[PDB]
Amino acid sequence: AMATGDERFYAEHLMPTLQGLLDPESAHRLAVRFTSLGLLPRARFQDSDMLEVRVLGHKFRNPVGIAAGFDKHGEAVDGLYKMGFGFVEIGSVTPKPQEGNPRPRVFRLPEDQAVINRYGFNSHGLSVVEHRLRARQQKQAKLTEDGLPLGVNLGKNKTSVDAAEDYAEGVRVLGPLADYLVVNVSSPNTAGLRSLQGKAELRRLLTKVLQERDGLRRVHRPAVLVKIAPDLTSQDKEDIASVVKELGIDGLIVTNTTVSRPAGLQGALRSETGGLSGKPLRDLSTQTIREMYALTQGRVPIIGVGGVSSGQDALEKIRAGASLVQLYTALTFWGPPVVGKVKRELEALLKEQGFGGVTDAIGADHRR
Ligand SMILES: CCn1c(CO)nn(-c2cc3c(cc2F)C(=O)[C@@H](c2ccccc2C)CN3C(C)C)c1=O
Ligand SMILES: Cc1cc2nc3c(=O)[nH]c(=O)nc-3n(C[C@H](O)[C@H](O)[C@H](O)COP(=O)(O)O)c2cc1C
Ligand SMILES: CCCCCCCCCCCC[N+](C)(C)[O-]
Ligand SMILES: O=C(O)c1cc(=O)[nH]c(=O)[nH]1
Ligand SMILES: [Cl-]
Ligand SMILES: [Cl-]
């Protein structure tokens, strides 16, 4: 097809050539700019009814989203929908602006189809992002009604003395502009942050977040999800599941990047500090989805993320318990045509495996 034409040219020629000329962070910035301007190949893929999912109080035209980190500051939302994503997540956004870690802080591992990053929550801050989303608020209301929801991922400032207050501020400022919020407690690149996944600290934090969310007017009241690491102990996972059910958290995003370094990585930069993403994370993420689905009795929507680059990858996460999936790292290797690729392959596999649509496949492995 013309679809598989672009896919091949991008993956085999354009992307490796451009990536060889650019610093990884320059590549990131350039990608956000081009996306923001809508300077994109044609997304010829027409979303099928088979791909629609109803979860988190919304219709999703397709189950493939852009993960947090690509558009940290909400600059490229419309362009990301033009790429064919069924939903967009922006952030992480911190309350105050902050620079993040010194450069270089992003590393390519092409032999592993992986990235390592240590951005450290570089953010324009809540006020900037609020004004950016306000400028297109009604455009987004129509997008959401048309099955293209918006998520906002909230972080905390490096120097904050009260983490829960940083998240509360995010709920109050960006909650009214979001379909869902994410309490990101799983960056590997902010000191002490992942300790907020622990039981006592998590219950107190999430209680505060949910109280702030519940105080928003109805049409401005988002779902609240918790994004977790792939590096949790069994105890940590059980505790999260317990808290989520007790408080009525609306969903989970599973997973962030890993601080592990799986045996077999080949890239020269494998021992850089930071979170590892892409292919080496894939199965660690899938198995975290599987465990969290079981621990929550299939009653808590999961957005599955980590190492998705194909329809098989997406379907493995769906069958393990994800209602929706995200990707980021694949885009850095394949470019924009990867979105249509994943969707096309996923549709084909659903038909081959006897599923009437995505919904029927959610958690299917648990019923074998
Ligand atoms: C992890 C940081 N990081 C890295 C380095 O690790 N790369 N990277 C991306 C670069 C990208 C893209 C997507 C990316 F995620 C595109 O989709 C590319 C693109 C092609 C044609 C038209 C329109 C677009 C937007 C352009 N490129 C580069 C060649 C500039 C990115 O965020
Ligand atoms: C450069 C980079 C920056 C990221 N920044 C964030 C972030 O600000 N917030 C967050 O929740 N996740 C962040 N992530 C994690 C992704 O959202 C995702 O959970 C992870 O990369 C696994 O998906 P992937 O293998 O498809 O990239 C970032 C990932 C990368 C590669
Ligand atoms: C930073 C990426 C550089 C490559 C950009 C490729 C943009 C191609 C999309 C332009 C729109 C398509 N058109 C009308 C020319 O066929
Ligand atoms: O800003 C970052 O360093 C970052 C945040 C996050 O949640 N995950 C990640 O891999 N990087
Ligand atoms: Cl508002
Ligand atoms: Cl590390």
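Start at 1 with the first residue, then count along the sequence. Order of listing sets the numbers, starting from 1, for every ligand and every atom in it.
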Name the closest protein heavy atom to [atom], giving the residue it belongs to and the distance to 0.1 Å.
atom                    : answer
atom 6 (C) of ligand 3  : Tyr10 OH, 4.0 Å
atom 11 (C) of ligand 3 : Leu40 O, 3.6 Å
atom 7 (C) of ligand 3  : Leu39 O, 3.9 Å
atom 23 (O) of ligand 2 : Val305 CG2, 3.4 Å
atom 5 (C) of ligand 3  : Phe34 CE2, 3.8 Å

Side chain, backbone, both or neither: [X] near ligand 2, heavy atoms under 4.0 Å:
X      : result
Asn184 : side chain
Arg282 : neither
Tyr119 : side chain
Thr329 : both
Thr255 : backbone
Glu89  : neither

Verify the contact flag for atom 9 (C) of ligand 3, where contact means a protein heavy atom under 4.0 Å away.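 So far as the 4.0 Å threshold goes, atom 9 (C) of ligand 3 is in reach of a protein heavy atom.
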Check whether any protein heavy atom sits under 4.0 Å from atom 15 (C) of ligand 3.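 No, because not a single protein heavy atom sits under 4.0 Å from atom 15 (C) of ligand 3.
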Can an N or O of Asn117 be found at a distance shorter than 3.5 Å from an N or O of ligand 2?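 For ligand 2, there is no N or O atom that lies under 3.5 Å from one belonging to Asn117.
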Run down the list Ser186, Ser277, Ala68, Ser187 and name the one with the heavy atom closest to atom 31 (C) of ligand 2.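 Answer by nearest heavy atom: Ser277.
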Between the side chains of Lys227 and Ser186, does any donor sit under 3.5 Å from an acceptor?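 Absent: no donor and acceptor within the cut-off.
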Check the orientation of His13 and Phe9. Use parallel for under 30°, tilted for 30 to 60°, and perpendicular for over 60°.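 Correct class here is tilted.
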Audit row: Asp214, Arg221, salt bridge (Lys or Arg N to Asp or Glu O under 4.0 Å) steps and yes/no: CA-CA 7 Å; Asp214 286 346; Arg221 193 182 296 148; 5.3 Å; no
Decide yes or no for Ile318 and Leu346: does some side-chain heavy atom of the first lie under 4.5 Å from some side-chain heavy atom of the second?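 A side-chain contact under 4.5 Å exists here.
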List the steps and the verdict of side-chain hydrogen bond (donor to acceptor under 3.5 Å, both in side chains) for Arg132 and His124. CA-CA 11 Å; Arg132 202 167 281 146; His124 297 180; 3.0 Å; yes
Output the list of atoms in ligand 3 that are nearer than 4.0 Å to some heavy atom of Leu30, sorted by atom number.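 Checking each atom against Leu30, I get 1 (C).
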The single option from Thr144, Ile303, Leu80, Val53 passing side-chain contact (heavy atoms from CB on, under 4.5 Å) against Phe87: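 Checked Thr144, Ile303, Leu80, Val53 against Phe87; only one passes side-chain contact (heavy atoms from CB on, under 4.5 Å): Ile303.
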For the pair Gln287 and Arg290, evaluate side-chain hydrogen bond (donor to acceptor under 3.5 Å, both in side chains) and give the outcome as yes or no after the intermediate values. CA-CA 5 Å; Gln287 293 273 36; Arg290 198 182 303 289; 3.2 Å; yes
Pair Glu89-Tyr180, side-chain hydrogen bond (donor to acceptor under 3.5 Å, both in side chains): steps then yes or no: CA-CA 9 Å; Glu89 191 175 309; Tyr180 71 82; 2.6 Å; yes
